[PDB]
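Reading through the structure tokens given below for one structure.
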Amino acid sequence: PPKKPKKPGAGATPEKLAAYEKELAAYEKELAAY
């Protein structure tokens with residue numbers, strides 16, 4: 001099962017948010033593919 005990325009909040013910097021975006025897109029892609 002694909003890695004679920006940790007959700008950002010208090011420290012959702014553009015970098016962490018973009019990284020989260022990529023990991024969330026990865027997670028969703030691989031989740032559906034799984």
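Identifiers for the structure tokens are assigned positionally: chains receive A, B, ... in sequence, residues are indexed from 1 per chain, and ligands are indexed from 1 in the order shown.
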Write out as a ChimeraX atom specification which residues come within 12 Å of residue A:21 when counting only C-alpha atoms, dropping same-chain ones fewer than 4 positions away. /A:4-8,12-17,25-29
Test item, helix (DSSP H, G or I) assignment across chain A, answer as a list in words: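 Going through chain A, the helix (DSSP H, G or I) residues come out as residues 14, 15, 16, 17, 18, 19, 20, 21, 22, 23, 24, 25, 26, 27, 28, 29, 30, 31, 32 and 33 of chain A.
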Selection above as a file: N, CA and C atoms, as a PDB file, in the first residue's frame:
```pdb
ATOM      1  N   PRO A  14       4.941  26.984   1.298  1.00  0.00           N
ATOM      2  CA  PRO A  14       4.803  26.665  -0.131  1.00  0.00           C
ATOM      3  C   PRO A  14       5.531  25.376  -0.527  1.00  0.00           C
ATOM      4  N   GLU A  15       6.738  25.176   0.003  1.00  0.00           N
ATOM      5  CA  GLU A  15       7.515  23.977  -0.304  1.00  0.00           C
ATOM      6  C   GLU A  15       6.821  22.732   0.254  1.00  0.00           C
ATOM      7  N   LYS A  16       6.440  22.767   1.530  1.00  0.00           N
ATOM      8  CA  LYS A  16       5.770  21.630   2.157  1.00  0.00           C
ATOM      9  C   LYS A  16       4.418  21.373   1.498  1.00  0.00           C
ATOM     10  N   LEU A  17       3.783  22.442   1.054  1.00  0.00           N
ATOM     11  CA  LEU A  17       2.468  22.364   0.441  1.00  0.00           C
ATOM     12  C   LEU A  17       2.563  21.766  -0.961  1.00  0.00           C
ATOM     13  N   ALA A  18       3.608  22.145  -1.691  1.00  0.00           N
ATOM     14  CA  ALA A  18       3.860  21.605  -3.020  1.00  0.00           C
ATOM     15  C   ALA A  18       4.316  20.156  -2.928  1.00  0.00           C
ATOM     16  N   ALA A  19       5.134  19.874  -1.922  1.00  0.00           N
ATOM     17  CA  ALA A  19       5.589  18.522  -1.657  1.00  0.00           C
ATOM     18  C   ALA A  19       4.406  17.652  -1.279  1.00  0.00           C
ATOM     19  N   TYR A  20       3.526  18.214  -0.463  1.00  0.00           N
ATOM     20  CA  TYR A  20       2.287  17.549  -0.103  1.00  0.00           C
ATOM     21  C   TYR A  20       1.421  17.341  -1.337  1.00  0.00           C
ATOM     22  N   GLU A  21       1.424  18.314  -2.242  1.00  0.00           N
ATOM     23  CA  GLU A  21       0.637  18.217  -3.466  1.00  0.00           C
ATOM     24  C   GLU A  21       1.121  17.024  -4.276  1.00  0.00           C
ATOM     25  N   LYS A  22       2.431  16.942  -4.461  1.00  0.00           N
ATOM     26  CA  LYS A  22       3.020  15.862  -5.229  1.00  0.00           C
ATOM     27  C   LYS A  22       2.805  14.519  -4.553  1.00  0.00           C
ATOM     28  N   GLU A  23       2.934  14.487  -3.234  1.00  0.00           N
ATOM     29  CA  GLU A  23       2.750  13.243  -2.499  1.00  0.00           C
ATOM     30  C   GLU A  23       1.286  12.845  -2.432  1.00  0.00           C
ATOM     31  N   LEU A  24       0.397  13.826  -2.424  1.00  0.00           N
ATOM     32  CA  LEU A  24      -1.030  13.556  -2.391  1.00  0.00           C
ATOM     33  C   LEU A  24      -1.489  13.066  -3.755  1.00  0.00           C
ATOM     34  N   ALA A  25      -0.916  13.643  -4.801  1.00  0.00           N
ATOM     35  CA  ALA A  25      -1.212  13.229  -6.156  1.00  0.00           C
ATOM     36  C   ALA A  25      -0.640  11.846  -6.404  1.00  0.00           C
ATOM     37  N   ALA A  26       0.554  11.625  -5.877  1.00  0.00           N
ATOM     38  CA  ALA A  26       1.183  10.318  -5.913  1.00  0.00           C
ATOM     39  C   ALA A  26       0.345   9.307  -5.157  1.00  0.00           C
ATOM     40  N   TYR A  27      -0.070   9.689  -3.957  1.00  0.00           N
ATOM     41  CA  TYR A  27      -0.875   8.823  -3.114  1.00  0.00           C
ATOM     42  C   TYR A  27      -2.185   8.470  -3.801  1.00  0.00           C
ATOM     43  N   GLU A  28      -2.848   9.460  -4.381  1.00  0.00           N
ATOM     44  CA  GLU A  28      -4.117   9.222  -5.058  1.00  0.00           C
ATOM     45  C   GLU A  28      -3.917   8.362  -6.307  1.00  0.00           C
ATOM     46  N   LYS A  29      -2.877   8.673  -7.083  1.00  0.00           N
ATOM     47  CA  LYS A  29      -2.559   7.905  -8.280  1.00  0.00           C
ATOM     48  C   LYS A  29      -2.303   6.443  -7.925  1.00  0.00           C
ATOM     49  N   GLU A  30      -1.409   6.221  -6.968  1.00  0.00           N
ATOM     50  CA  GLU A  30      -1.024   4.870  -6.594  1.00  0.00           C
ATOM     51  C   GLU A  30      -2.133   4.170  -5.813  1.00  0.00           C
ATOM     52  N   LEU A  31      -2.977   4.942  -5.141  1.00  0.00           N
ATOM     53  CA  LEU A  31      -4.099   4.373  -4.401  1.00  0.00           C
ATOM     54  C   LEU A  31      -5.111   3.783  -5.376  1.00  0.00           C
ATOM     55  N   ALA A  32      -5.440   4.552  -6.413  1.00  0.00           N
ATOM     56  CA  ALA A  32      -6.347   4.089  -7.450  1.00  0.00           C
ATOM     57  C   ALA A  32      -5.721   2.949  -8.246  1.00  0.00           C
ATOM     58  N   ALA A  33      -4.426   3.065  -8.513  1.00  0.00           N
ATOM     59  CA  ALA A  33      -3.695   2.027  -9.226  1.00  0.00           C
ATOM     60  C   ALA A  33      -3.584   0.753  -8.391  1.00  0.00           C
TER      61      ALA A  33
END
```
